[PDB]
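**Student:** This one is an experimental structure. Sequence first:
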Amino acid sequence: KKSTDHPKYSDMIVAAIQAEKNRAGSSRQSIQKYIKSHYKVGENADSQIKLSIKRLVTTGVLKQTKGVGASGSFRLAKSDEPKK
DNA sequence: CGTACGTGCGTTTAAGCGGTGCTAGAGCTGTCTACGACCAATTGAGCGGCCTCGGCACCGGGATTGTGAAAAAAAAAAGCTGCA
Ligand SMILES: [Ca+2]
Ligand SMILES: [Ca+2]
Ligand SMILES: [Ca+2]
């Protein structure tokens, strides 16, 4: 149930998080360097991507390991695929 | 392969120039004497000589440190799958 909401740069983080085959790795600057393939505002992109993550983390759908700016490490987790 | 650099635009900035006006201070002049050259006589600090004995160079033996191979683990990465 509940309210599903619209994200944008959010999408492009989760696209780019899965578009690396790894165990616990995705530092904001690695992500940005891939995803700077553009329609995007490259000048203001990092803040919005940085802003974007915190909320993904707070939902816990995206999962990370010990830090904040220092760690730069997370991936998609929980358990979501098409299912009953 | 990702981007830090070079290129070339238009916009902005202050260097450059020529000039005027003020005075700090560079430098020049003459005077006067404190201070350094020079001298000779005086004597002790430091030279060469020479003698010694203890630090230090060299050795052997025992302790310790670090390297490297070999065996075996932990992991990372590769090649291999069907699905969706
Ligand atoms: Ca580079
Ligand atoms: Ca003067
Ligand atoms: Ca001597």
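**Tutor:** Yep, it's here. Numbering: from 1, shown residues only, chains lettered A, B, ... in the order given. Ligands and ions are numbered 1, 2, ... in the order given.
**Student:** Pull out the buried residues from the lengthiest helix in chain A.
**Tutor:** Assignment by DSSP state H gives helix A:45-59 as the longest helix of chain A. Residues of helix A:45-59 classed as buried by neighbour count (16 or more other Cβ atoms under 10 Å): A:45, A:49, A:52, A:53, A:56. Every residue, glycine included, has its C-beta placed from N, CA and C.
**Student:** any chance of those in a markdown table, with distance to residue A:36 too?
**Tutor:** Below are these laid out as a markdown table (distance: Cβ to Cβ, whole Å):
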| residue | distance to residue A:36 |
| --- | --- |
| A:45 | 7 |
| A:49 | 10 |
| A:52 | 15 |
| A:53 | 16 |
| A:56 | 19 |
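**Student:** Those: which two are farthest apart?
**Tutor:** The distance between the two most remote of those (Cβ to Cβ) is 16.1 Å, for A:45 and A:56.
**Student:** what does chain A have sitting close to DNA strand B?
**Tutor:** Within chain A, the positions near DNA strand B by Cβ under 7 Å from any atom of the strand are A:23, A:33, A:34, A:36, A:82.
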